[PDB]
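This document starts with one chain, in the form deposited in one PDB entry, laid out as structure tokens.
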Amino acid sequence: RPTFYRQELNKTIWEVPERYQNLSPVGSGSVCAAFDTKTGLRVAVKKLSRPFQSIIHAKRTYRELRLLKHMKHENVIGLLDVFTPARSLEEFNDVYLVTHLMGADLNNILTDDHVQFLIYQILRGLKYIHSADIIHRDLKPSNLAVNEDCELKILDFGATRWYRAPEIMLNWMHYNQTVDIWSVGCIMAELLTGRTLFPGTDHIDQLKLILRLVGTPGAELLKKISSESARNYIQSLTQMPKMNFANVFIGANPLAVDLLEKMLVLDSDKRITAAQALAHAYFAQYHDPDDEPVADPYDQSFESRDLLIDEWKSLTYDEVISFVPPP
């Protein structure tokens, strides 16, 4: 069992193994950059705040640890280490997560080639995540970590609405993985043009900005809408045609525009998947179907369970104990 040391950074206490040196805040739980003396790498360390404050916090704790232990892909955050200063289940009350420090997000960070490489990486990571039956649900520039080599990893820190699928603004319960492809569409647009595609002020403003580009719903999509209030609102708007994307995004590589149209189709059932998007001609320089792996099966049966705080806590403790670092 390693030797821990204690310090206070910005009202927050950090108790981490001596392995980890030069802790300095990055953002806000709360996150520090460190030096990993065992490997010579710079790392990010997340301390979970009050992980067992409520059943919902305890289950969030378990969920993030179970997810981060499963993700083993070049374009998705993975776990280098996980530790607690606690020496017993009874005193277990703090969780720290360690990953590779990339150093910037996509807000911080372009030719056409740079857009190709950045969006290729997002889709290669999303292929992997979607293959585990996980939806990200909050893809946006601030959840995309980029190093000096413009290598990219998808993460989740926990305006969001700007990158959000229109079916989510509408509060449809049965949305599918292509909510994430919508978000990627909004990101690629902003990288090509330098402007937020849909800078809505609220969920109503956001829906109106979206339907101005992609049109109000056609008949095939209206038939799938259960809610009377939702249909009453949408069909009462001034009806709008799909705009000509070649016009809106004039100046962009026409192959980029063609992919944008396949991502930003209003009906989620007609949107391109991540696997299909990787095979699109826009990524000819990067695409290799032998180097676009899928995930091992991911058990999320726990999501339907209703357990006590102490049960979520013991489960979380067994996951910390069983952790095996990557080579």
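Rigid core: the largest C-alpha set superposing within 1.5 Å between the two forms. In case it trips you up, residue 1 is the first one in the sequence shown, and so on.
We do not show the form deposited in another entry, though everything after this point is about it.
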Superposing on the rigid core between this form and the one not shown, the only one of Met169, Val214, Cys186, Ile77 with a Cα displacement of 2 Å or more is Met169
Aligning on the core only, does the CA of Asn253 end up 2 angstroms or more away between this form and the one not shown?
no
(message) After superposing the rigid core, is the C-alpha displacement of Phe117 2 Å or more between this form and the one not shown?
(response) no
Compare the position of the CA of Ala284 between this form and the one not shown after a rigid core fit and state whether the shift reaches 2 Å. no
